[PDB]
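S.K.: Here is my input, please return the structure:
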Amino acid sequence: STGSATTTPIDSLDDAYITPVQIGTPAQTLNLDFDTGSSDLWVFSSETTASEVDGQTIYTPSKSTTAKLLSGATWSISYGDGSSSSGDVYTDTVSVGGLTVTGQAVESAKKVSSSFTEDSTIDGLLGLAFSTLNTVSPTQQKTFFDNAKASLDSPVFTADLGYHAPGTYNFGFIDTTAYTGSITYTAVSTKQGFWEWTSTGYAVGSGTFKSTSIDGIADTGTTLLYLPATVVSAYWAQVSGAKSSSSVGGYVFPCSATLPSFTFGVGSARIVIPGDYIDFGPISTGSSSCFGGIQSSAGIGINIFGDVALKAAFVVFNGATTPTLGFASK
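M.R.: Numbers count the residues shown, from 1 in each chain. Provided below are the atomic coordinates:
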């Protein structure tokens, strides 16, 4: 089998991407944030504290004839951005772009943190990291990809995120019309439960490529590109007036600037992030100071190849017996 679904930016800045997901019988369609940095499929629901729901679409398991309460199961998650959610668990039928999993763990939120409430466009998350990170207790549950894998034509999914435009998540096949040149594959460590890999280096604008190992994760659920302080300083030094602001919480730059591109290495291959992808707009409405899309990972503890990086590429998440990651230009 295969599946194919369009993924759409939630706002004009590409702050995140939502993908429609069918849950239950009859189908209840929710718009979920596909997150290769986590491993829980959780949803706003009829069980969510009412004051914590503000415009989201909810899953109502009592209206699904295929929903079954997973007895005694609970979940609770906290994300790198400080947000969190928790609740109970059902199994139900879940379909993405034509691909159906029966008996998928659907984690129903009883509580969500303020940032989730405040974002009316995201109805929940669909985790696509390794199932070892799944938070369900006392019996850990599998991701949608893990459950579908054996049935897929090929044990892969691909992320093709758009810049200020829709893109595509495919399951089970590689669309050879969706990228240019070849796909370069690179080794993955699953030891931390992430799609963790090592970039071979970087360049800033038309500058010379610096060969240096950068270990990090391919994370569709993180907006920005988080890299070592040395790398980030080298980038922003090429932007007149750019500075790191402790009060704002990262590098900012004059909104009048033209940003240079940023290149990262995948083996001997090179992925070029155009400068415009690195502009996240005014720090507050009407400001002429703009927030940068490349930021320091110092104090995160890990480098994160988030949407800023991934949207410059066609990315293969290869879930073969030994997982690997593939990147192509597009």
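S.K.: can you give me the helices in this structure?
M.R.: 114-117, 144-148, 229-236, 307-310 (DSSP state H).
S.K.: Buried ones in the first one, by neighbour count?
M.R.: Of the residues in helix 114-117, those buried under the neighbour-count criterion (16 or more other CB atoms under 10 Å) are 116-117. Every residue, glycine included, has its C-beta placed from N, CA and C.
S.K.: contacts for it?
M.R.: For helix 114-117, contacts defined as CB atoms under 8 Å, 6 or more residues apart in numbering pick out 44, 52-54, 81-83, 85, 122.
S.K.: now, of the helices of the chain, which is deepest in the fold?
M.R.: helix 307-310 (a mean of 26; mean count of other CB atoms under 10 Å).
S.K.: For it, what is the distance to the chain centroid?
M.R.: 9 Å (CA atoms, centre = their mean, to the nearest Å).
S.K.: likewise stretch 73-86?
M.R.: Using CA atoms, centre = their mean, the offset of stretch 73-86 from its chain centre is 16 Å.
S.K.: gap between the two ends of that stretch?
M.R.: End-to-end distance of stretch 73-86 (CA to CA, to the nearest Å): 11 Å.
S.K.: Residues contacting that stretch, please?
M.R.: 37-38, 40, 42, 87-89, 105, 107, 109-113, 115-116, 135-139, 141, 221-222, 300, 304.
S.K.: got the helices of the chain as a markdown table, with distance to residue 128 columns?
M.R.: Converted to a markdown table, the helices of the chain look like this (distance: least, CB to CB, whole Å):
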| stretch | distance to residue 128 |
| --- | --- |
| helix 114-117 | 19 |
| helix 144-148 | 5 |
| helix 229-236 | 26 |
| helix 307-310 | 12 |
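S.K.: any idea how far residue 326 is from residue 35?
M.R.: For residue 326, the distance to residue 35 equals 19 Å [CB to CB, to the nearest Å].
S.K.: Can you flag the buried ones in the contacts of helix 114-117?
M.R.: Buried among the contacts of helix 114-117 (16+ other CB under 10 Å): 44, 52-53, 83, 85, 122.
S.K.: a markdown table for these, including distance to residue 265?
M.R.: Converted to a markdown table, the buried ones among the contacts of helix 114-117 look like this (distance: CB to CB, whole Å):
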| residue | distance to residue 265 |
| --- | --- |
| 44 | 39 |
| 52 | 43 |
| 53 | 44 |
| 83 | 31 |
| 85 | 36 |
| 122 | 32 |
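S.K.: and those residues, which of them are in strands?
M.R.: Using DSSP state E, the subset of the buried ones among the contacts of helix 114-117 located in strands is residue 85.
S.K.: what's the most distant pair in the buried ones among the contacts of helix 114-117?
M.R.: With distances taken as CB to CB, the most widely separated pair in the buried ones among the contacts of helix 114-117 is 53 and 83, at 15.4 Å.
S.K.: Compare the helices of the chain and report which one is nearest to residue 100.
M.R.: Short answer: helix 144-148, nearest of the helices of the chain by CB to CB, at 8.3 Å.
S.K.: Who are the packing partners of the closest one?
M.R.: In this structure, helix 144-148 packs against strand 99-112, with contacts taken as 3 or more CB pairs under 8 Å, 6 or more residues apart in numbering; DSSP states H and E.
S.K.: Paired strands for the strand it packs on, with orientation please.
M.R.: strand 41-43 (parallel), strand 84-96 (antiparallel) (DSSP bridges).
S.K.: As a markdown table, those strands with distance to residue 271 would be great.
M.R.: Listed next are the strands paired with strand 99-112 as a markdown table, based on distance: least, CB to CB, whole Å:
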| stretch | distance to residue 271 |
| --- | --- |
| strand 41-43 | 29 |
| strand 84-96 | 26 |
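S.K.: now, of these, which is deepest in the fold?
M.R.: Taking mean count of other CB under 10 Å, strand 41-43 is the most buried of the strands paired with strand 99-112, at a mean of 28.
S.K.: what's the spacing between that strand and its chain's center?
M.R.: Remark: strand 41-43 is offset 14 Å from the chain centroid, using CA atoms, centre = their mean.
S.K.: now do stretch 154-165
M.R.: Averaging C-alpha positions (CA atoms, centre = their mean) puts stretch 154-165 10 Å from its chain's average.
S.K.: Domain map for this protein?
M.R.: 5-174, 175-330 (curated CATH domains).
S.K.: Now the residue lying closest to residue 290 once chain neighbours are set aside: phi and psi?
M.R.: The shortest distance from residue 290 to any non-neighbouring residue, by CB to CB, 6 or more residues apart in numbering, is to residue 255 (4.2 Å). Per-residue torsions, residue 255: phi -60, psi -20 (degrees, to the nearest 10).
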